[PDB]
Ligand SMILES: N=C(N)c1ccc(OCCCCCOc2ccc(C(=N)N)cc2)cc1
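Just the one chain here, the form deposited without the named molecule, laid out as structure tokens.
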């Protein structure tokens, strides 16, 4: 595809190399297009990036839906969502590229611009879970927005910063996490 097949390119240059570890010229290579095709939908490096981000976060949010089904109590949705967060091939596989981006481009309205849209969807699944937790009364939080951002990131840390130790060790830890967190709420 025109400006669509190009999108799947950078995605890999970012997951395979990082943000400034991949450039337009680069893209253009396996891309095979002109530095104007990008002009249209992709105004700047940031855009292309901030764009691919959300896209992927969505394939994730989508898989999450087509999967939570195997969880009864919301509390199970919690443990699960975090667990799955570990195995997906979506979004998280370029959270380091984002760590960089957070620096290389923070003297510029993008963080809260389009990147604020992501910040929302990124903590949505948690928001539901927690919110619907008050209903089912599995617990009860008086600031669901705070706890939601909290959970989201911590979990994201457990996923990002431990990508070295074997995959099964990881799954165990994350579960010992959810136990503690959920238990710290009620």
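Numbering follows the first chain given and starts at 1. Here, rigid core means the biggest group of C-alpha atoms that superpose within 1.5 Å across both forms.
With 87-95 and 111-119 compared on mean CA B-factor from the PDB entry, the stretch scoring higher is 111-119. Between the stretches 45-53 and 156-164, it is 45-53 that shows the larger average CA temperature factor. Listed residues 38, 147, 125, 69 were ranked by CA B-factor as deposited; 38 comes out on top. Annotation for residue 151: C-alpha temperature factor in the lowest third relative to the rest of the modelled chain, per the entry.
Annotation for residue 82: C-alpha temperature factor in the lowest third relative to the rest of the modelled chain, per the entry.
Split the chain's modelled residues into thirds by C-alpha temperature factor. Residue 2 is in the highest one.
Keep in mind that the form deposited with the named molecule bound is not shown, yet the notes after this line are about it.
The site is blocked: after superposition of the local C-alphas, three or more atoms of the named molecule, taken in the deposited complex, come within 2.4 Å of this form's backbone or C-beta atoms. Remark: residue 59 counts among the residues lining the named molecule in the deposited complex, judged by a heavy atom distance of 4.5 Å or less. For the chain shown alone, residue 88 is a contact residue for the named molecule in the deposited complex, at least one non-hydrogen atom being within 4.5 angstroms. Although the partner is absent here, residue 38 sits far enough away that none of its heavy atoms falls within 4.5 Å of the named molecule in the deposited complex. At a distance threshold of 4.5 angstroms between non-hydrogen atoms, residue 126 is in contact with the named molecule in the deposited complex. Just one listed stretch, out of 26-34, 132-140, 149-157, 40-48, contacts the named molecule in the deposited complex at the 4.5 Å heavy atom level, and that stretch is 149-157. In this stretch, 1-27, not one residue has a heavy atom within 4.5 Å of the named molecule in the deposited complex; the partner itself is omitted from this view. Rigid core superposed between the shown form and the other one, residues 147, 129, 27, 155 considered: the one with a C-alpha shift of 2 Å or more is 27.
Superposition on the rigid core between the shown form and the other one places the CA atom of residue 81 less than 2 Å from its counterpart. Core-superposed comparison between the shown form and the other one: the Cα of residue 176 travels less than 2 Å. After superposition on the rigid core, the Cα atom of residue 71 is displaced by less than 2 Å between the shown form and the other one. In the deposited complex, the CA atoms of residue 155 and residue 107 come closer by at least 3 angstroms compared with the shown structure.
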